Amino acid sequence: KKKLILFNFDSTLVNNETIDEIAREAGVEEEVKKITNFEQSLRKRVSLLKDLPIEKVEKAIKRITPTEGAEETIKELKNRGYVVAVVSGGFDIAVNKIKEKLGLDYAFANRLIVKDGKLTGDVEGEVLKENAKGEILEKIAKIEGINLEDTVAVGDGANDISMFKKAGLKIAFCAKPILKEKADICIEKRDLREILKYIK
């Protein structure tokens, strides 16, 4: 009976939020935080990165570090029979490196379109719509032949709600208030090993 656990990337599996890190390098991090639909908002934010040199992006994503406990938690989850996956409303260029480095089984995120080593201010992806993450959760479960009741979703905020709705077990990890009351489990200490006390 293989099970599936799906982690939100930004602020959950890693300490940072990709977009904000990439904004700081383009010096427009204040304008993006001030107007901080999820999609419409992502597109809006991305635009302010009109001609950022890929070189700068690579520099930003390098600051992305995994959340305290990530490695140990993923190791223990595999030993308990789980397929481990991550999903981001953020970007491919950052999450795929984390995926290999942490040995995740699946990784889904949006794409920062580049042209001649420069960001064209536009983005594409399957993690944009209001229900995107829940769809990703279903997709992976379907491919693995895992029943939804044997799935676990680990989120941070409002965009993780669609994922909560499809998951058998809902975990709020140092989340936004809006997510806490909706979860089955609320984790307030920033260490991913905390979930191991609750996972079957």
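One-based numbering along the sequence shown.
According to the record, the deposited sequence contains 4 to 9 residues between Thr36 and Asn37 that were left without coordinates.
Look at the C-alpha B-factors of 122 to 130 and of 74 to 82. On average they run higher in 122 to 130. The deposited model assigns a higher average Cα B-factor to 48 to 56 than to the other stretch when 63 to 71 and 48 to 56 are compared.
Of the candidates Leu169, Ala172, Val28, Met163, it is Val28 whose Cα B-factor is highest according to the PDB record. By the numbers in the PDB entry, the CA B factor is greatest at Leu42 among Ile140, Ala158, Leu42, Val154. Among the modelled residues of the chain, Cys186 sits in the lowest third by CA temperature factor in this PDB entry. Annotation for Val32: C-alpha temperature factor in the highest third relative to the rest of the modelled chain, per the entry. Among all modelled residues in its chain, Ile19 ranks in the highest third by Cα B-factor. Among all modelled residues in its chain, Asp105 ranks in the lowest third by Cα B-factor.
Per the deposited record, the Cα B-factor of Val114 falls in the highest third when ranked against the other modelled residues of its chain.
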